[PDB]
Number of protein chains: 4
Amino acid sequence: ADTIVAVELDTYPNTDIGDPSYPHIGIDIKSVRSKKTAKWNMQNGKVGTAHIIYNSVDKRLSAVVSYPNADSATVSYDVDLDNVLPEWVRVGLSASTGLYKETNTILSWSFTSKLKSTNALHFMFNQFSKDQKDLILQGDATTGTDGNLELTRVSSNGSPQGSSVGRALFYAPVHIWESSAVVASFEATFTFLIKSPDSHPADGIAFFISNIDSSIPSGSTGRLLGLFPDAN
Amino acid sequence: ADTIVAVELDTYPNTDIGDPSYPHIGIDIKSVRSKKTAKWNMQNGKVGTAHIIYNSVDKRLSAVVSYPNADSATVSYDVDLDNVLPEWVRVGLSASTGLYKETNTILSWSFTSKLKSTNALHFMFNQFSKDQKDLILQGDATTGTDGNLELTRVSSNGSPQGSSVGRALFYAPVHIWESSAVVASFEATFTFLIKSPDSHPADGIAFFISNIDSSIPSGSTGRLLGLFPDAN
Amino acid sequence: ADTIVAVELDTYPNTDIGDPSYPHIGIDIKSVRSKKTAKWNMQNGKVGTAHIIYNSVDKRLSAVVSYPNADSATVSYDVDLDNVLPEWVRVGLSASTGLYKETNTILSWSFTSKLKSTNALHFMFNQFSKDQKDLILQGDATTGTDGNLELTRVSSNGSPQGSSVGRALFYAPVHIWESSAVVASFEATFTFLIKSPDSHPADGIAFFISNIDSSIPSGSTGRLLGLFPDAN
Amino acid sequence: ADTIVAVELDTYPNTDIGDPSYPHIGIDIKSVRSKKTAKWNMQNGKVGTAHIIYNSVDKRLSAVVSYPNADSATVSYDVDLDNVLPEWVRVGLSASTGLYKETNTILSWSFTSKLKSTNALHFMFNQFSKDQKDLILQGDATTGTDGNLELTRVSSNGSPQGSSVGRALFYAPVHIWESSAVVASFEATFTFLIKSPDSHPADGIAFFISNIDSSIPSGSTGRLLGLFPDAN
DNA sequence: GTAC
DNA sequence: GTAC
DNA sequence: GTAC
DNA sequence: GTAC
Ligand SMILES: *OCCCCCCNc1c(NCCOCCO[C@H]2O[C@H](CO)[C@@H](O)[C@H](O)[C@@H]2O)c(=O)c1=O
Ligand SMILES: *OCCCCCCNc1c(NCCOCCO[C@H]2O[C@H](CO)[C@@H](O)[C@H](O)[C@@H]2O)c(=O)c1=O
Ligand SMILES: *OCCCCCCNc1c(NCCOCCO[C@H]2O[C@H](CO)[C@@H](O)[C@H](O)[C@@H]2O)c(=O)c1=O
Ligand SMILES: *OCCCCCCNc1c(NCCOCCO[C@H]2O[C@H](CO)[C@@H](O)[C@H](O)[C@@H]2O)c(=O)c1=O
Ligand SMILES: [Ca+2]
Ligand SMILES: [Ca+2]
Ligand SMILES: [Ca+2]
Ligand SMILES: [Ca+2]
Ligand SMILES: [Mn+2]
Ligand SMILES: [Mn+2]
Ligand SMILES: [Mn+2]
Ligand SMILES: [Mn+2]
């Protein structure tokens, strides 16, 4: 299977696989069962912002998710990604729906990675286009509708669909660690709009780092968030 | 055939294709017969720097090539690249040798492209590694020798070889123009070491922008600099 | 007197100082009598964006001013700023009102300057705060009202006042040119909201570069845009 | 007195004030008696690189100091700078000599600070000039000798002097924290050349953050590193 | 960091 | 929008 | 997240 | 550096 490190914005509690009883953010290291979670007050229909940071000095993967004029949710986990990820990776966004659904709309995404002694990569999307050749779209993901990235299927009348999964990966491989680097760092930011007509939205959005040849695991709709083939 | 826009650092005068009778820099728009040239005092065995700039306001492609403590050479050409290049491109470095030879050594390469009212791409290579997954190497190009990119063949003691052609392209496609952008800009910088035992070094280095699926044209050693299928 | 280079967004035609008979953008080199202008379709109450670019290769000062879903206005002027500006400068925004008035509201401001073969300066304000220590406020300029910079006087209900002039300069001096630099470049971007109850809004906003010790010239409300001591 | 946070590169053990018995790097919070230290293998006459990082999510001040082809020294300390520094600060480099001496030569310095919800400041000096108006020089500090910043006094024959102190601060105040920011971060990098003709170099170099109006404490030569008025 |  |  |  |  793929090697996945992810930050999940998990809108739907799957208590059977160790989710807390509330919408949460989490740090996922090679398992959908987060190594760490924080409670997340997800605001239906509101634009939120996720910030993800890591550096090879502290070896601490951290995230902050916020809405205008509300308290942030934050989660951190000590992990040496040199011992988890391959040296070269792709970075991406993933989302899913299941029996419950939501829009998984990405309005902007930026990423920066640096290896110092310096090598750098930076991309910034504030606008997504119909045929965006620097993104690899997988599954139900589409670009160009209102200049946004729709990770999961939305009908012609604007309703999100159930049992949908989709992902967007940046086209170039990323050099995420190097044995001779004195300092390696990355940061990701994205803005998102999760909207549900139902009482209960599902399933969430994740930022993820994977082996370069990563693909959506077959059947990874719902609680698997397009990242894992099973709930182990 | 491919669509090529290039800045050539041309070390060898080919009078039969309209080169001036001296080493020169040139702007190549879909032809090896530069639309504009400037005399270039190439310093055998010295590290040089090339800077290439363009913006959609001025629609003027400019370059400056310099050595420490010497006068620069500069060339500019008015061209609307919206009417020349496809909307999505790859960017790259190319170099060649023929009967006469030189090292085509790249010590660093950086590139930035922005499409405003903003989408942005930036990469910086100060170190090239043996298995560099965000570069597409074509022909004779190799990476990892002293952390440098050798575009053309060099022996184990660093002696350049004749009849050699090689290129390196950044892996991700670049969105070089967009009809709704108010301002689009790019800039490229690279540092290079051209060294020859020959009285006459040949053939040169180019920065280029191509169709995404561009490859080294058949036979394009020597004066065609790995860019053009013929001298038309 | 001061040495001023400016891009004016001139909302009010002053025919006696050589303004065209319509709102215009202009390039001002040491005079309010623009060296070049372009017609500008200013949209009362809409947020606009101004982009200003210059590099020492082309020696061409350009600007583009845009509103969402409208055609841009653009103006360029060939000028070697090495022979106009002192080596060290301050950068700023200026605005004024006279008999006629408008809001001169700045919603964001960014600036980058680089001197290559590299020295670099960059700032980005997306939020202005009440006591913003990296800005020098001159005249009527105030910060903190909805996180915006109000260059000229506005009442508590947001109504602009006549006979008002105000400027904001970045605190640090900027090294705008250097005799040994191979390439020097700057770019500025700001977003603005010009709103008037008047049939005729006045007087405009400018981005400017000055001697470091520049101050609002005595009497420079109205047509002199807080930049010039007289209309020569 | 001033409020100082610093990363010290301490070349000289002052065991009487709690230095370890070896050259060390340290994190100094309002005291020259480091809250944390790591052993540092300082290489006389070699160019080294210091990297300093902090973000408001982890609240961890970290540094890495390295030489080509040697193991790094690294030190980290958990501190909430919101409770230590004022909201607006200056950033700087400091160095001293005492009865023992060394060159305190700075070859490059870069800094980036961001406040997100984004406001940014970045500067990069690869070249220092004789009259560098975006630096505040204090004490014995000079710029322009070989394009370098000499923090402490060097004689006409190139010998460092004893009992010398000097500092360089960036001219613009820096907004280091804000109560409404979701994420605040900074990073500094500098390269340095410490050379001594004596068996024993002294006293060291520091990166520091201070109140905006900070000045060299009188008598802060030697072990006080130009930062503190006393050894408490 | 080495010598008494 | 008023003054020649 | 609320109802049995 | 050789060919017309
Ligand atoms: O903030 C508190 C909100 C609580 C919502 C409670 C959930 N309601 C609920 C459950 N719980 C059991 C969960 O699994 C049943 C559905 O499983 C399928 O749907 C989800 C959501 O798309 C997905 O994660 C799974 O993989 C699967 O597709 C109900 O049965 C019910 O109603
Ligand atoms: O004595 C040796 C130094 C003088 C060399 C001659 C330079 N003068 C000159 C030529 N020569 C004709 C060019 O073609 C000759 C070789 O062509 C092959 O090699 C070159 C160099 O690598 C390459 O560009 C060609 O594609 C081919 O591979 C002029 O035109 C001129 O001036
Ligand atoms: O009915 C009201 C709308 C029409 C207004 C007239 C515009 N036409 C016009 C003028 N007028 C002469 C300019 O000076 C008049 C006022 O001058 C003062 O106010 C302006 C605006 O704030 C300011 O620029 C001046 O400095 C002074 O404070 C033309 O020349 C033209 O065209
Ligand atoms: O890596 C191991 C190297 C060990 C070096 C040992 C130091 N040698 C030494 C000492 N130690 C006592 C320290 O204070 C005496 C000098 O104090 C003055 O000089 C220093 C250095 O510039 C400065 O920090 C102080 O503030 C003061 O100016 C000796 O006495 C001796 O020899
Ligand atoms: Ca879940
Ligand atoms: Ca040639
Ligand atoms: Ca006017
Ligand atoms: Ca010490
Ligand atoms: Mn979960
Ligand atoms: Mn040529
Ligand atoms: Mn005007
Ligand atoms: Mn110490």
Side-chain angles (χ1 to χ4, degrees), chain A residues 10-16 19-24 37 39-41 43-45 73 98-102 194 196-197 200-204 222-223, chain B residues 11-17 19 22-23 44 97-102 162-163 196-198 201-203 222-223, chain C residues 11-17 19 22-23 44 97-102 162-163 196-198 201-203 222-223, chain D residues 10-16 19-24 37 39-41 43-45 73 98-102 194 196-197 200-204 222-223:
Chain A
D10 188 340
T11 55
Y12 186 92
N14 300 96
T15 58
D16 289 334
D19 282 344
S21 285
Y22 44 72
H24 53 281
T37 67
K39 183 166 164 68
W40 178 41
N41 300 123
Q43 295 187 38
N44 201 302
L99 295 184
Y100 289 95
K101 58 216 201 316
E102 71 197 23
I194 298 169
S196 195
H200 304 307
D203 271 276
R223 65 193 184 183
Chain B
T11 54
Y12 187 92
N14 301 94
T15 58
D16 43 315
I17 62 171
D19 284 343
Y22 40 76
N44 200 304
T97 64
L99 179 59
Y100 299 105
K101 59 215 174 273
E102 71 197 22
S163 302
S196 195
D198 301 351
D203 273 275
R223 64 194 189 167
Chain C
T11 54
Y12 187 92
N14 301 94
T15 58
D16 43 315
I17 62 171
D19 284 343
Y22 40 76
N44 200 304
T97 64
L99 179 59
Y100 299 105
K101 59 215 174 273
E102 71 197 22
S163 302
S196 195
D198 301 351
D203 273 275
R223 64 194 189 167
Chain D
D10 188 340
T11 55
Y12 186 92
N14 300 96
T15 58
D16 289 334
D19 282 344
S21 285
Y22 44 72
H24 53 281
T37 67
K39 183 166 164 68
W40 178 41
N41 300 123
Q43 295 187 38
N44 201 302
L99 295 184
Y100 289 95
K101 58 216 201 316
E102 71 197 23
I194 298 169
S196 195
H200 304 307
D203 271 276
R223 65 193 184 183

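Here is the naming used below: chain letters follow the sequence lines, and residue numbers restart at 1 for every chain. Keep in mind that the numbers below use all heavy atoms, side chains included, and drop hydrogens, waters and symmetry copies.
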Rounded to whole Å, how long is the line connecting atom [atom1] of [X] with atom [atom2] of [N]?
X      : N     : atom1 : atom2 : value
D:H200 : E:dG1 : NE2   : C1'   : 5 Å
D:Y12  : E:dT2 : OH    : P     : 14 Å
B:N14  : H:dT2 : CG    : P     : 17 Å
A:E102 : G:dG1 : CD    : P     : 13 Å
C:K101 : F:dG1 : NZ    : P     : 11 Å
D:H24  : E:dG1 : NE2   : P     : 12 Å
A:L99  : G:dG1 : CG    : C1'   : 17 Å

Are the side chain of A:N44 and the backbone N or O of A:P201 linked by a donor-acceptor pair below 3.5 Å? no
Please name the pair of heavy atoms, one in [X] and one in [Y], separated by the smallest distance, quoted to 0.1 Å.
X      : Y      : result
D:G204 : D:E102 : N-OE2, 3.1 Å
B:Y12  : B:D19  : O-OD2, 3.0 Å
B:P13  : B:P23  : CG-N, 4.4 Å

When pairs are called at under 3.5 Å and a stem needs at least three consecutive Watson-Crick or G-U pairs, the stems of DNA chain G are none
Nearest-nucleotide pick for B:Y100, side chain only, options being G:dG1, H:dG1, F:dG1: H:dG1
With B:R223, which residues qualify under side-chain hydrogen bond (donor to acceptor under 3.5 Å, both in side chains), at least two apart? B:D16
Residues that A:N14 engages under side-chain hydrogen bond (donor to acceptor under 3.5 Å, both in side chains), provided they are two or more places apart: none
